[PDB]
Amino acid sequence: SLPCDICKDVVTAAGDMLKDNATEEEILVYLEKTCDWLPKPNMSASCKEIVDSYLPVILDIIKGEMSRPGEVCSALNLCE
Amino acid sequence: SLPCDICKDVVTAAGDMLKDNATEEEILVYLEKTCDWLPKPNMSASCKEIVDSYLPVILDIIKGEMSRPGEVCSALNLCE
Amino acid sequence: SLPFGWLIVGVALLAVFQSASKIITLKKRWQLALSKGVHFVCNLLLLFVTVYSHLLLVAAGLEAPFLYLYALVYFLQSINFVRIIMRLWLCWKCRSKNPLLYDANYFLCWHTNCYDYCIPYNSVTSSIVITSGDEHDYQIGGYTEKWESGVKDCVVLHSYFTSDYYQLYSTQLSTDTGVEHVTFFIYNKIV
Amino acid sequence: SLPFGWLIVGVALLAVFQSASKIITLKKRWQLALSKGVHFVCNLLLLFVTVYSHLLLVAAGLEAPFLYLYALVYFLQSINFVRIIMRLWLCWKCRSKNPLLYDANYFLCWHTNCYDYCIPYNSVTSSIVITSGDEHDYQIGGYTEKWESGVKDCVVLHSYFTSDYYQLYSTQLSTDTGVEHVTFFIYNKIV
């Protein structure tokens, strides 16, 4: 059960650090910069629509995933 | 049996190209250069003894291995 | 005129995908599919990185001491590609994508009007046991396939080259063994 | 003061070992050992290359845009290391090196005075069939182990965490099935 201790601690720490509102702003800035350096000329619209619309969706599904540390640790064969 | 055709052709070609006497000299030169650039100060004696004594052994066991193209091709799951 | 940052970013991506690949379990079907996709992306990254490093060595005129090595990297990869070429074709032989998902040496297939069962198997044995039961399902060696149709009297173990046909001799119902809700089908190899 | 040729030579070695690893079959015991050794050397080369590239990015002050990525490369690798740590320990649980050689999810072990049998298995099933015969040997799902001692009435399927005990109910000799020189042992899971 020793690997489970560190696995649950790590995943709860990730959920806590991602709980900050500034984390969402940093993620949005990183997403904008991702298509800012890309050679595709249509990447700006792609980000400005898809990312701006669906980033809170991934943020909240990560919320739902972090509420079950046992499940995510089991998915990595670190727990039951 | 199509992969077997190319596998046997390749292994017979390797045996034929390795059949040259100059191949042994090139291999010996490469082996000397291998320990010539190494940082170990005792690598010169290591090569001059082990390689100079046992290079024809590996050369002849490769001879024996190339006489059976089917076996070496089977070892790679390219044949029966 | 080749940006070296490409080599570093490709190395980083290859390391990421190798590290992720070795930690994915192989229990569920989606896990196997994800592992295979990660392996494919890793192979593509490996080819890209090797080609780019060959294009940087040749750009600086430093390919001479390493050229032979790169040839090996190609040759083995060629075999790898050829290996993939069999697997896909093996799939068409059994009309199932299991040969892509599983790395087993052989695959026990049998076809019906409803479904084409293809269960992984390690080696050509003189006998094969198929356990059917508990919604029911078939399984061999812990490898489980969903029960869709009945069972056949002639199953076949496929490799790329070999094809060994097994005929059903005996059936063990839950009256002769005591294992409830479980049936055993015993197949013997045909000479 | 770090020679960049090290990055290129490490990339070449890593590519060589990855290309060689994917073309080695897993039929014989020496093939499995060679594949595991090649995978270990590849993992060592991957760690060396990642560390060196981290030491070149930091040497040129270019680690800032990639630092997070490298953290991932470490974190997953950490899990990988931890995974290895279980496998070795799993070996000690069954006193066989098969968990190192095989990547199976579970291992059916049973111990005797003479030998410690440990055969790979995919998943926890309600029943397990062990086929003994043809010098004789045991095998499950095509995975073969050499016959040294008799058979036990209580075998155990080990994962790292779970341990499911199976009890032998019925034995099928070569009189009730017709498969000559072959005996079947049927085990049921204990609740």
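Following Swiss-Prot, chain B shows residues 60-139, kept in their order.
This deposition comes from electron microscopy, 2.8 Å.
Using N, Cα and C of the backbone, Cβ positions are placed for all residues, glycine too.
For reference, Swiss-Prot has these:
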- B:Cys63-B:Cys138: disulfide bond (DISULFID)
- B:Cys66-B:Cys132: disulfide bond (DISULFID)
- B:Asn80: N-linked glycosylation site (CARBOHYD)
- B:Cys94-B:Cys106: disulfide bond (DISULFID)
- B:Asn101: N-linked glycosylation site (CARBOHYD)
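Here the features listed in Swiss-Prot are painted onto the structure.
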| residue | record | contacts (Cβ under 8 Å, 6+ apart) |
| --- | --- | --- |
| B:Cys63 | disulfide bond | B:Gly129, B:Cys132, B:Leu137, B:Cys138, B:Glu139 |
| B:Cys66 | disulfide bond | B:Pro128, B:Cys132, B:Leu135, B:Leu137, B:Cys138 |
| B:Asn80 | N-linked glycosylation site | none |
| B:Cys94 | disulfide bond | B:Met102, B:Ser103, B:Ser105, B:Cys106 |
| B:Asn101 | N-linked glycosylation site | none |
Note to self: Checking interface proximity: list the recorded positions among B:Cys66, B:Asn80, B:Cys94, B:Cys106, B:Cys132, B:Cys138 whose CB sits under 8 Å from a chain C CB, in sequence order.
What the structure shows: B:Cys138
Next item on the list: Please classify the secondary structure at B:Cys63 (disulfide bond) using three-state DSSP.
Entry: helix
Next item on the list: Indicate whether B:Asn80 (N-linked glycosylation site) is helix, strand or coil by DSSP.
Entry: helix
Check: Within 10 angstroms of the C-beta of B:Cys132 (disulfide bond), what count of other C-beta atoms is obtained when all protein chains are considered?
Finding: 19
Next item on the list: Tell me whether B:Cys106 (disulfide bond) sits in a helix, a strand or coil according to DSSP.
Entry: helix
Item checked: Count of other CB atoms lying within 10 Å of the CB belonging to B:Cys106 (disulfide bond) -> 19
